[PDB]
Amino acid sequence: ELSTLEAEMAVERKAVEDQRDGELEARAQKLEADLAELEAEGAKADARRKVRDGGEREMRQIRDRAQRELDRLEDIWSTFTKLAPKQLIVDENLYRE
């Protein structure tokens with residue numbers, strides 16, 4: 001069954017990556033649109049730089065979140081493919097997955 005399991009796993013990873021890229025794109029267009037809204041109104045360069053810093057931090061959070069999900073799924077796949085008797089699973093979440 002390894003070929004089918006590897007396929008379905010690959011599809012799941014793809015879904016996580018596609019969702020991540022969609023979130024990051026929506027957040028990028030939103031950041032540019034918000035900075036454009038603040039440039040139309042009177043605004044300080046330092047205030048707009050604060051807004052851009054916030055947007056970049058949020059994108060970093062989206063990419064780090066999706067990256068944590070990808071790493072979790074990767075650990076699951078490595079653990080299952082290498083699974084052998086006498087091996088200890090310390091993480092409750094990993095064993096339940």
# chains A, B, ... in the order shown; residues from 1 in each chain; ligands from 1
>>> residues_around(residues="residue A:76", least_positions_apart="4", cutoff="10 Å", atoms="only C-alpha atoms", output="list in words")
residues 9, 70, 71, 72, 80, 81, 82, 93, 94, 95 and 97 of chain A
>>> write_last_selection(atoms="C-alpha atoms", output="PDB file, in the first residue's frame")
ATOM      1  CA  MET A   9       0.264  12.133   1.685  1.00  0.00           C
ATOM      2  CA  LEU A  70       4.160  20.695   6.884  1.00  0.00           C
ATOM      3  CA  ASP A  71       6.815  19.650   9.413  1.00  0.00           C
ATOM      4  CA  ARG A  72       4.207  17.795  11.481  1.00  0.00           C
ATOM      5  CA  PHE A  80       5.219   5.600   9.686  1.00  0.00           C
ATOM      6  CA  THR A  81       7.582   4.618   6.870  1.00  0.00           C
ATOM      7  CA  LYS A  82      10.370   3.878   9.366  1.00  0.00           C
ATOM      8  CA  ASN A  93      -0.587  13.596  19.116  1.00  0.00           C
ATOM      9  CA  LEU A  94       1.887  11.733  16.900  1.00  0.00           C
ATOM     10  CA  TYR A  95       0.658   8.324  18.055  1.00  0.00           C
ATOM     11  CA  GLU A  97      -2.216  10.511  14.052  1.00  0.00           C
TER      12      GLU A  97
END
>>> residues_around(residues="stretch 57-68 of chain A", least_positions_apart="3", cutoff="10 Å", atoms="only C-alpha atoms", output="VMD selection string")
chain A and resid 13 16 to 21 23 to 28 31 51 to 54 71 to 74
>>> atom_distance(atom1="atom CA of residue A:78", atom2="atom CA of residue A:7")
14.2 Å
>>> select_by_dssp(residues="chain A", states="helix (DSSP H, G or I)", output="PyMOL selection string")
chain A and resi 2-40+45-81+92-96
>>> write_last_selection(atoms="C-alpha atoms", output="short mmCIF file (atom, residue, chain, number, x, y, z; two decimals), in the first residue's frame")
data_model
loop_
_atom_site.label_atom_id
_atom_site.label_comp_id
_atom_site.auth_asym_id
_atom_site.auth_seq_id
_atom_site.Cartn_x
_atom_site.Cartn_y
_atom_site.Cartn_z
CA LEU A 2 3.03 2.31 0.13
CA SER A 3 2.48 3.90 -3.30
CA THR A 4 -1.12 4.92 -2.57
CA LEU A 5 -0.26 6.20 0.92
CA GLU A 6 2.67 8.20 -0.45
CA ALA A 7 0.36 9.65 -3.10
CA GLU A 8 -2.37 10.70 -0.66
CA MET A 9 0.26 12.13 1.69
CA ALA A 10 1.76 14.14 -1.19
CA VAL A 11 -1.70 15.50 -2.04
CA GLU A 12 -2.24 16.57 1.58
CA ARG A 13 1.09 18.41 1.62
CA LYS A 14 0.07 20.08 -1.65
CA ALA A 15 -3.19 21.25 -0.07
CA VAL A 16 -1.31 22.78 2.87
CA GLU A 17 1.06 24.57 0.49
CA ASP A 18 -1.76 25.87 -1.73
CA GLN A 19 -3.68 27.19 1.28
CA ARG A 20 -0.48 28.83 2.56
CA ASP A 21 0.19 30.55 -0.77
CA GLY A 22 -3.40 31.77 -1.04
CA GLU A 23 -3.28 33.23 2.47
CA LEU A 24 0.05 34.93 1.78
CA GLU A 25 -1.21 36.37 -1.52
CA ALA A 26 -4.42 37.72 0.02
CA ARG A 27 -2.35 39.20 2.85
CA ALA A 28 0.08 40.76 0.35
CA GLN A 29 -2.64 42.42 -1.72
CA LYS A 30 -4.25 43.51 1.56
CA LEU A 31 -0.98 45.04 2.78
CA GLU A 32 -0.45 46.96 -0.46
CA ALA A 33 -4.08 48.13 -0.47
CA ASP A 34 -3.89 49.27 3.16
CA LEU A 35 -0.63 51.15 2.61
CA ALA A 36 -2.20 52.74 -0.48
CA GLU A 37 -5.22 53.75 1.62
CA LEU A 38 -2.86 55.30 4.18
CA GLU A 39 -0.91 57.11 1.46
CA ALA A 40 -4.10 58.69 0.08
CA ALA A 45 6.31 57.77 6.59
CA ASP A 46 7.11 56.23 9.98
CA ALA A 47 3.46 55.28 10.57
CA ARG A 48 3.21 53.60 7.16
CA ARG A 49 6.49 51.83 7.96
CA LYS A 50 4.87 50.58 11.18
CA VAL A 51 1.97 49.22 9.12
CA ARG A 52 4.33 47.51 6.66
CA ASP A 53 6.29 45.99 9.55
CA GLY A 54 3.03 44.61 10.94
CA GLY A 55 2.04 43.14 7.59
CA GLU A 56 5.42 41.47 7.16
CA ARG A 57 5.17 40.05 10.68
CA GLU A 58 1.73 38.60 9.90
CA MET A 59 2.98 37.03 6.65
CA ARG A 60 5.88 35.57 8.62
CA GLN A 61 3.25 34.14 10.97
CA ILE A 62 1.26 32.58 8.12
CA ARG A 63 4.36 31.01 6.57
CA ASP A 64 5.59 29.78 9.96
CA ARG A 65 2.17 28.32 10.79
CA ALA A 66 1.84 26.43 7.50
CA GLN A 67 5.49 25.40 7.86
CA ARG A 68 4.73 23.90 11.27
CA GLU A 69 1.88 21.94 9.68
CA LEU A 70 4.16 20.69 6.88
CA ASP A 71 6.82 19.65 9.41
CA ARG A 72 4.21 17.79 11.48
CA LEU A 73 2.94 15.87 8.45
CA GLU A 74 6.55 15.16 7.44
CA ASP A 75 7.31 13.74 10.89
CA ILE A 76 4.19 11.57 10.61
CA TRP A 77 5.24 10.20 7.22
CA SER A 78 8.84 9.52 8.28
CA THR A 79 7.70 7.84 11.50
CA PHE A 80 5.22 5.60 9.69
CA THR A 81 7.58 4.62 6.87
CA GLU A 92 0.49 11.61 22.19
CA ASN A 93 -0.59 13.60 19.12
CA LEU A 94 1.89 11.73 16.90
CA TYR A 95 0.66 8.32 18.05
CA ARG A 96 -2.97 9.38 17.61
#
